């Protein structure tokens with residue numbers, strides 16, 4: 001398979017069966033052959049083992065470099081550099097020097113211009129690296145992985161150079177302070193890992209369907225290592241990523257995510273337990289009457305989707321249809337510039353996004369007296385201004401040519417939404433604790449409602465309304481914070497969020513990021529509704545001549561990778577002709593093409609290409625061949 | 001569809017789509033139609049709600065009657081009857097009377113003879129009821145559900161009368177004291193529930209594909225309500241039961257099991273928390289060095305498979321091939337007789353099977369001084385004698401014409417095996433606690449190894465070696481005892497058990513219970529290995545005349561449900577002829593049969609029928625029809 005191509009699942013399966021039969025036949029020689037077959041079987045799993053090892057080590061390296069680099073916008077702790085501010089400023093401020101102490105030694109003007117200028121420099125370095133070294137890293141990368149799992153070939157998409165470039169550029173961009181996130185892209189990276197650590201073995205480097213299996217397995221590795229959420233990751237792989245996913249892969253897939261967690265469980269020498277900035281475990285049981293917010297909040301979640309999947313996508317089109325796209329770097333600079341100009345005055349916006357999630361999730365404690373535990377109206381007004389600014393920004397942030405993610409800012413918006421309700425209920429109860437909702441159940445002297453859990457549920461609701469995740473996102477918040485008695489809230493919150501967000505359309509940000517780019521994706525959550533015969537689905541059309549069942553001109557006129565006679569392929573013809581010329585076509589002609597009755601309705605043939613994924617087929621009536629039907633033709637009919 | 005028939009999935013889907021289009025076309029009249037469509041959409045989840053409600057209520061009723069009745073073998077509490085021995089003997093022995101006090105007022109001889117006599121009587125009542133009222137209830141019932149989910153019609157299999165008869169007979173049999181279990185059969189019940197609580201709604205009683213969807217969903221309801229293990233049940237539905245299972249059925253499915261859990265969470269007025277006799281929760285963290293037994297024990301687990309799936313199945317064949325099968329009642333009587341004749345002398349065997357699991361799982365406490373906490377060699381010797389007796393008994397117990405289950409007996413055998421290792425390690429450490437395996441990690445003064453968790457893992461290993469459960473059984477022990485930090489042990493345990501048990505064959509007790517009965521099951525865990533052309537799988541054979549493409553005699557000669565012309569069906573012809581005769585065939589002739597190239601290999605045709613499950617197909621070569629390929633033909637070729 002060459003670049004920008006689609007796999008023929010049947011050929012992959014047939015090659016796999018040939019390889020299995022050959023190895024089993026060779027097994028009848030000596031015990032070494034059966035032992036080698038066992039080693040191959042166990043190497044199939046060592047693939048995921050190495051995948052997770054890399055997932056954990058690289059998530060740690062990404063967090064290390066991000067902490068080392070982002071805090072450079074405020075200072076650097078001379079003693080140590082690969083730790084964070086707190087680590088090198090607490091383990092004992094002469095070892096610490098904010099750049100004002102560096103240049104003047106004493107003030108607000110200097111810090112303002114400092115944060116601005118170095119923030120612009122970090123953004124400039126990030127964009128320069130991405131442009132000159134790798135374009136693919138642009139975007140969270142999840143929808144590209146979806147198209148890849150849909151049977152789409154991109155040779156260099158999983159290269160070592162591209163992987164390292166994405167790893168470095170994501171760190172740089174996150175350090176930039178822009179409203180961009182890292183949580184998802186580790187799926188991309190995980191997928192890349194699944195290939196790189198599979199290249200060492202012929203089984204996964206000479207059978208692309210097995211690469212697909214490993215990619216479906218590893219897709220969970222990022223969602224596990226980014227958060228520390230293994231099962232959430234594996235069910236995210238099952239639902240949202242893998243276009244085809246036999247159950248036998250689920251358990252395999254999970255190990256990937258789990259091993260990443262395992263790695264991120266083992267990597268902790270300095271006695272730091274946090275899996276991420278905002279890793280707030282939850283073990284507080286719930287009760288019946290808490291369900292009212294769990295639905296109500298969803299509205300904003302859904303409403304937020306209406307705000308985002310429109311605004312963002314709209315601007316993206318204007319990003320691709322105007323002169324602006326001719327100078328992306330400058331745009332990012334200007335973007336970064338405004339980000340620095342307006343985000344400094346408000347401390348709430350000036351601080352990071354993931355750590356903002358940490359603050360939102362951190363339940364108040366008797367020792368902590370932070371802003372959210374400060375018991376003030378002006379602070380809430382400033383928080384509202386920060387929320388609107390973050391909205392307008394992260395809308396204008398996802399579709400930029402720098403490694404970008406919206407897991408974190410979307411969760412932040414949802415967490416603000418959820419904590420609004422907690423603040424309102426707490427302030428109302430302070431004066432009317434005897435009011436009915438608090439009179440019946442709550443006991444005196446004990447915490448009864450936790451705003452942080454509601455903020456997490458609100459983040460989940462916004463992510464459901466932006467990406468439309470139902471069966472996994474429940475597990476993602478199941479595992480970002482230990483659950484199995486808190487599965488009920490997530491199902492209800494996801495239901496309400498999805499319902500409210502469905503009021504406008506049927507496309508998420510991932511589906512929208514597949515639409516605007518328009519990768520050849522056959523949507524799986526939809527079903528054809530137009531009633532029609534199959535006379536329309538096949539081609540050529542009435543405006544085109546009869547099908548052209550010498551070869552070079554035919555390939556020039558039309559771009560169909562295969563033609564009928566059996567059937568042959570362009571790559572097969574090329575290699576056969578080259579070999580014959582170097583040495584001087586029945587053996588390559590495939591005598592078993594698939595066929596469907598011309599009278600067959602769309603609702604069966606479409607799904608046959610959907611889950612089985614054959615590239616093309618022939619259409620016959622009473623045994624008379626009529627034409628060829630391909631994925632591209634059916635997609636054009638969809639469009 | 002009539003009794004003993006197979007389904008044509010494509011017709012189900014087409015009828016469902018027709019219903020959807022008709023309801024949507026009616027929607028454009030008034031908003032009431034939109035509301036009705038919404039109600040119909042929610043009717044599936046309402047069906048699952050009723051399913052779980054009945055699952056929980058009926059599990060409670062089964063346990064209530066079982067406790068009320070089984071203890072009758074030793075006495076009864078005059079004050080109360082629907083509770084258990086402990087409830088009526090602790091809530092304050094004048095209210096209690098072991099019927100030695102009833103008949104003589106004082107001794108061992110009387111107790112022995114009465115336990116024997118009522119043992120026989122309970123056996124006789126159970127067999128009489130099942131014979132005269134319902135034959136289906138025999139067996140755990142899981143593999144029959146598998147076949148039903150594989151495309152098999154049994155009209156009365158899910159009747160209210162059969163459901164109630166099975167519910168009562170399961171209680172009676174469990175009370176009989178024989179080595180038989182319930183927890184599986186609640187899948188059958190659950191499946192039946194899905195049908196009964198679906199009968200009230202035309203959507204689900206007039207399109208059989210939706211019945212299969214709910215059957216797959218509810219298959220988890222039993223595994224949840226029985227143990228109290230919802231997620232284990234839902235992944236058991238995904239892996240082990242549902243022959244076809246779109247991921248969209250997972251989340252739906254889960255609620256069913258969860259509802260059971262919910263129904264079995266709310267049902268607790270008398271302040272009893274136990275979900276079952278042996279519900280021992282676990283929250284004790286684990287460490288690295290514990291892994292050595294987790295593999296070693298598997299051997300017996302796997303070995304147990306070789307012992308069971310042979311012994312049981314072997315006798316079952318001799319049960320169906322000798323004069324014995326002509327008097328099953330007497331056999332059960334004799335069985336019952338021996339069951340009580342040799343089980344009384346040993347207290348360990350004389351007590352129940354699930355409560356034995358309770359004892360094995362219950363970790364020792366500072367107050368308890370029971371046998372397993374009695375710190376003795378002779379006691380272990382009688383334990384071994386009881387283990388061998390239980391082996392030789394339960395092997396001769398599963399295939400009896402009484403509602404029977406092996407979950408509890410197999411779990412008990414495996415728990416005994418697992419606790420053997422715990423006893424050995426504890427007794428070795430008591431003298432050599434300074435040994436290397438205990439020197440490095442364990443801390444002084446704190447419990448370091450829990451034998452009950454090992455017993456649970458051993459029970460899981462035996463169940464894996466007997467039924468070959470990998471991806472769900474982990475979740476079953478995940479939820480029977482709260483996990484998510486104890487998933488790792490289960491995966492290794494199932495891996496080792498399955499590996500050791502695979503050394504002998506590829507059939508479990510469920511697969512063997514599908515083979516011996518020989519229901520038309522297409523093994524989904526196997527792949528065709530023989531190399532052949534499509535000419536082999538085709539029919540008629542060389543020993544049969546040409547295919548018979550008047551109708552009554554044709555049907556008499558061969559028992560194929562449909563034939564080509566389009567194509568028609570026997571039921572269609574019958575109904576059309578009856579209607580025409582009552583009134584004084586193109587409208588029914590189906591013009592879109594499926595076709596495959598004659599040169600197509602078995603490895604594609606077989607898998608196309610495997611998952612889609614089309615009843616039959618026509619085979620063409622260059623457009624010329626040659627023959628018809630059906631499920632029965634391919635299965636015969638497999639046989």
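Think of each number as a place in line: the chain as shown, counted from 1.
Recorded method is electron microscopy, 4.0 Å.
Note: Cβ is positioned from N, Cα and C throughout, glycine not excepted.
Swiss-Prot assigns the feature transmembrane segment to one of the listed ranges (A:183-202, A:523-542), namely A:183-202.
Of the residues proposed, A:121, A:128, A:140, A:150, the one Swiss-Prot records at the same chloride site as A:407, A:510 is A:140. Between the listed ranges A:452-466, A:587-601, A:602-616, Swiss-Prot ties the annotation intramembrane segment to A:452-466. Looking at the stretches A:362-373, A:434-445, A:470-481, the one that Swiss-Prot records under the feature intramembrane segment is A:470-481. When the ranges A:14-37, A:110-133 are checked against Swiss-Prot, the one recorded as transmembrane segment is A:110-133. In sequence order, A:70, A:177, A:277 are the residues near residue A:352 (N-linked glycosylation site), counting only same-chain partners six or more apart with C-beta under 8 A. Sequence-distant contacts (6 or more apart, same chain, Cβ under 8 Å) of residue A:632 (ATP binding site) comprise A:520, A:560. The ATP site is defined by A:560, A:561, A:562, A:630, A:631, A:632, A:633, and by the 8 Å test on Cβ atoms against their centroid, the other residues of the chain that qualify are A:615, A:616, A:628. When the recorded positions A:240, A:633 are compared by the number of other C-beta atoms lying within 10 angstroms of their own C-beta, A:633 comes out lowest. Recorded residues residue A:631 (ATP binding site) and residue A:240 (site 'Mediates proton transfer from the protein to the inner aqueous phase') have their alpha carbons 21 Å apart, per Cα-Cα distance. Cα spacing between residue A:562 (ATP binding site) and residue A:240 (site 'Mediates proton transfer from the protein to the inner aqueous phase'): 31 Å, rounded to the nearest whole number. Once the 21 residues left out of the deposited model between residue A:375 and residue A:376 are set aside, the two flanking Cα atoms are found 7 Å apart. At the Cα atoms, residue A:106 lies 7 Å from residue A:107, with 5 residues between the two left unmodelled. For the pair formed by residue A:633 (ATP binding site) and residue A:240 (site 'Mediates proton transfer from the protein to the inner aqueous phase'), distance between Cα atoms is given as 25 Å, rounded to the nearest Å. For the segment bounded by residue A:565 and residue A:566, where 10 residues are absent from the model, the Cα separation is 5 Å. Comparing residue A:561 (ATP binding site) with residue A:240 (site 'Mediates proton transfer from the protein to the inner aqueous phase'), their Cα atoms are 29 Å apart once rounded. For residue A:630 (ATP binding site) paired with residue A:240 (site 'Mediates proton transfer from the protein to the inner aqueous phase'), the C-alpha to C-alpha distance reads 25 Å. 27 residues between residue A:584 and residue A:585 have no modelled coordinates; the flanking Cα atoms are 14 Å apart.
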